[PDB]
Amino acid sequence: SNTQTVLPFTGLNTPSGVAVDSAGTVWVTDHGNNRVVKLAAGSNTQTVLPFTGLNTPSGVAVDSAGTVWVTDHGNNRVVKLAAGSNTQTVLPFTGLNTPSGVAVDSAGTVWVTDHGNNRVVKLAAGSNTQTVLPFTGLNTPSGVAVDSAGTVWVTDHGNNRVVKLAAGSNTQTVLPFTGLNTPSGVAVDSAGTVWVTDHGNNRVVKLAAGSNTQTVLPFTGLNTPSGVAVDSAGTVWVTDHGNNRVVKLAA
């Protein structure tokens, strides 16, 4: 698609992140209103998830069961809520500072960009102790994405680059993006295509696996875009933070 679509969210303020499931539901962290909203597929009914105590929430990730994880950035914590429930669980991460992005794989491992500590932490599925990934030289990391092989990609926001670690590796790679400026979010698909909200340039870019020439996606009029999500059909959603809206492009 080369015509962007503005989704029928209403009342967003400075939205910070987006997640989608395979049922077409879209969740957004409506950061300026301390809330997480869900847009139901088809009906376009918007509902507010019954999280409690959020402040300036940033990242969001969802699993297929409809469990939602949010980085409660202003409270230095990560919380999750199962679908329709009124139980929220604080994950036993420790010592977070202004955390932003969050990612969750099919196994239920959770990764968080611990932005204010220049590190990426994880709670492996089945463990109650966090580990710190062996990235080096991060500055204010802003987003994280993971694939089914356990590769992890991070927007190293303060260094204008995207870094990746394969599972078991202690040495990161820098992806061949060009001219990024304070990138804010990242998403990956099962083919290895990587999408990045190039925040400081008001654009979204992608790299096919093996490509050395990023593609600027045909969004228009973005302002400080903040989060990106992609489903298995290659549709791309982006929180156009500065314009209080969510836009999408189908493949």
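Residue numbers here begin at 1 and follow the sequence given.
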Taking the deposited Cα B-factors and averaging over 66-74 and over 25-33, the higher mean is found in 66-74
Quick note on 56-64 and 201-209: per-entry mean CA temperature factor is higher in 56-64
Listed options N159, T87, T136, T113: highest C-alpha B factor recorded at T87
Of the residues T98, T129, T155, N181, the one whose Cα carries the largest B-factor in the deposited record is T129
Tertile call for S190 (CA temperature factor, within chain, third-based) is the highest
Of the three thirds of the chain ranked by Cα temperature factor, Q4 occupies the middle
The third of the chain into which the C-alpha temperature factor of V196 falls is the lowest
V20: CA temperature factor from the record, placed by chain third, in the middle
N44: CA B-factor among chain residues, third -> lowest
